[PDB]
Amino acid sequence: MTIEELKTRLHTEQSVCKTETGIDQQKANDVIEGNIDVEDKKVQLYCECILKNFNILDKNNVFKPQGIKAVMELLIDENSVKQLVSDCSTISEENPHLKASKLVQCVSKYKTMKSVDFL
């Protein structure tokens, strides 16, 4: 998957997830820029939607670390991806919606969705 294809795919998922969740554009922008209000319900739903559409969460919110690895190895070096996966794969959160926002927050420390557009 080329960087240009990932840019495009991200825009597409951002669009469909905005529509699915009804999130304000401002809040979607915040998430895209890596500023995740983890407690905000529609932020959670938006994060969840993007993760599910990339198959990183399955339909029952089972987290799939390999899905993160597949996308992030396009963006950062292999060892950093391993570090990201270790850093982000066992967030201490029982509520699947808060887990989804926390997951996007953690991944976004490494690369934000917005930052992919500059590549």
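Here, rigid core means the biggest group of C-alpha atoms that superpose within 1.5 Å across both forms. Residue indices: 1-based, along the sequence shown.
For the pair 18-26 and 91-99, rigid core superposition yields a higher RMS C-alpha distance in 5 other deposited structures of this protein in 91-99. The stretch that moves more in 5 other deposited structures of this protein, judged by CA deviation after a rigid core superposition and choosing between 72-80 and 58-66, is 58-66. The question of which stretch, 40-48 or 85-93, has the higher mean Cα B factor is settled in favour of 85-93.
Per the PDB record, of the two stretches 14-22 and 94-102, 94-102 carries the greater mean B-factor over its C-alpha atoms. Split the chain's modelled residues into thirds by C-alpha temperature factor. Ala70 is in the highest one.
Among the modelled residues of the chain, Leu119 sits in the highest third by CA temperature factor in this PDB entry.
In this PDB entry, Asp30 carries a Cα temperature factor that places it within the middle third of its chain's modelled residues. For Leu6, the recorded CA temperature factor ranks within the middle third of the chain's modelled residues.
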